[PDB]
Structures are given as structure tokens and as C-alpha cells.
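Next up: a single chain in C-alpha cells, the form deposited in one PDB entry.
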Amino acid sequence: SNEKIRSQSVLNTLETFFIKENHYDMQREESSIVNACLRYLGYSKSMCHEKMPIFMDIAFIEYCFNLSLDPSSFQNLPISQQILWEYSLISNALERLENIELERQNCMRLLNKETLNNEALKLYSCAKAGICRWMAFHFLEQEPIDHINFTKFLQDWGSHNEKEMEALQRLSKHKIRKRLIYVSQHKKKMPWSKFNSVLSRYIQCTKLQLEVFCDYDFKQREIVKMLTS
């Protein structure tokens, strides 16, 4: 198929825009070419049942949660309208992240390999739990609560923690002031900058594993070179 060949070519062009050593972010002067590409693939009939290449899921996770290589805290100081916490968007994000983890696992089936695999697993569970949790927080901060989609969301994505989901459900039946109290409390306790860090490390980890133990190139050369010290 000529449209197929054209589409693959458009993917190759996106690699050169999306694959980062650090994390992808949208730059204004690339907005036109990146959007034209994403739209062509978006309406290309031949791509309708093709697999999403891992680098796009990754670049999407980076764009979507606005990942920086920033630490949780700045070192000698005390303690964000960028993430769109919308149910459908976040559900698709968790899908793409799940896909990232499955590609990673599948590749992982030299002295550092079990360690990197295990860190990835721990980081992935923690990141998924955090995303699911902040989506829940966003549901609970609305009045009235969209109970349908809230309930559905928790059921698709809260199986890692069924017992907390129940709790969330009961919390979802208290007056707005109770809900806001609880949510403010758990955000102050465990702020998003944590989960930014966890997601960032998950992703750079996964990039490294894929680059080293498989065919991928995620521009982790400098890190690979440090690891062959």
C-alpha cells in the first residue's frame, strides 16, 4: 500500500521529534509539523489497525503528564495547571502506559538486568496507582459528582487497590466539604511532584532497558556509557 508506506515514513519523521534523551515536550515551532503528522496518521485508513509504536506511547505519557527530570523537593526550601485531569483522557493514558509496561516486560523476557527490571515494576505500580488516585481526587472535587464515570473508572483502573476504591466510593457520598478536606489532606501528604518523579523514572528506566536489552534507540547513550564504567 502506498498510503501505508507514506504513513510509515510519517512515523519515521515523528521519531526525530518525539524520541528524547530527557522527556518530550511540545515546542511552538514544531507544533505545525507534529500536528500535521499526527493528523495524517489519525485519518490514514491503513493505520487504523496498526500497533502504536512504543515511542509514541512514551512521548504521549511525557506530554500528557508534563514530565520533567525534576526531583520531588528542591533541596533547601519548603513547598501546575498543566495536566488535564479528564476521565476519558486519563483512561486512555493509563491504557498507553499499560502498553508501555507490556512491551517492556516482553523485551525483558547485563549484570544490571534483574535490578532494572525490578525497579521498573515497582515504579510502574506506583505511577499507575498515583494516576488512578489523582483522577479519583478530581472526581471527588466536583459537585455534584459524576458517579457513573467515577465508578466505571475505579473499576477499570483501581483493581491494584480494590480496598482503597471502596473507601473512595464511601467518601464520594459525603458532603462536598468532607470530600475537599480529605483530598486536600492526601495531596498535602503526598504531592503530585512525587508522582512526577516516579513517572519520569519509570519512563527513563524503560527507555534504558529497551535500548540496552533490545533493538530500540531512545538516545540513552550517555547513561549506557556511564553504566559501562
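Between two forms, the rigid core is defined as the largest C-alpha subset superposing within 1.5 Å. When you see a residue number, it is the position in the sequence shown, counting from 1.
*Asks:* Residues without coordinates, deposited sequence, stretch from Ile79 to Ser80: is the count none, 1 to 3, 4 to 9, or 10 or more?
*Replies:* According to the record, 4 to 9 deposited residues lack coordinates from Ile79 to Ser80.
*Asks:* With respect to the recorded C-alpha B factors, which stretch has the higher mean value, 32-40 or 175-183?
*Replies:* Mean B over CA atoms: larger for 175-183.
*Asks:* Determine, for stretches 139-147 and 90-98, which one has the higher mean CA B-factor as deposited.
*Replies:* The deposited B-factors put 139-147 ahead on the C-alpha mean.
*Asks:* Lowest, middle or highest third: which one holds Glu50 when the chain's residues are ordered by CA B-factor from the entry?
*Replies:* Middle third - that is where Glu50 ends up once the chain's C-alpha B-factors are sorted.
*Asks:* Lowest, middle or highest third: where is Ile19 by C-alpha B factor in its chain?
*Replies:* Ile19: CA B-factor falls in the middle third of its chain.
*Asks:* What third of its chain, lowest, middle or highest, does the C-alpha temperature factor of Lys113 fall into?
*Replies:* Highest third - that is where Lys113 ends up once the chain's C-alpha B-factors are sorted.
*Asks:* Taking the values exactly as deposited, rank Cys214 by C-alpha B-factor within its chain and report the matching third: lowest, middle or highest.
*Replies:* Ranked within chain, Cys214 CA B lands in the highest tercile.
*Asks:* Where does the C-alpha B-factor of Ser125 rank in its chain, lowest, middle or highest third?
*Replies:* It belongs to the lowest third of the chain when residues are ordered by C-alpha B-factor.
Just so it is clear, the following notes concern the form deposited with a partner chain bound, a form of the same protein that is not shown.
*Asks:* Answer with yes or no whether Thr115 is in contact with its partner chain in the bound PDB entry, where contact means some heavy atom within 4.5 Å.
*Replies:* Contact check for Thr115: yes, within 4.5 Å of its partner chain in the bound PDB entry.
*Asks:* Is there any non-hydrogen atom of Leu123 lying within 4.5 Å of its partner chain in the bound PDB entry?
*Replies:* Although its partner chain is absent here, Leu123 would touch it in the bound PDB entry, with heavy atoms inside 4.5 Å.
*Asks:* Using heavy atoms and a 4.5 Å limit, would one call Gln204 a contact residue for its partner chain in the bound PDB entry?
*Replies:* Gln204: contacts its partner chain in the bound PDB entry.
*Asks:* Even though the partner isn't displayed, in the bound PDB entry is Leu208 close enough to its partner chain, meaning a heavy atom within 4.5 Å?
*Replies:* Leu208: yes, in contact with its partner chain in the bound PDB entry.
*Asks:* Counting any non-hydrogen atom inside 4.5 Å, which residue from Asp146, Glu119, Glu141, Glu98 sits next to its partner chain in the bound PDB entry?
*Replies:* It is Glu119.
*Asks:* Considering only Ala59, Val34, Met47, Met165, which residue exhibits a C-alpha shift of no less than 2 Å between this form and the one not shown, with the rigid core used for superposition?
*Replies:* Only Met165 moves by 2 Å or more at its C-alpha.
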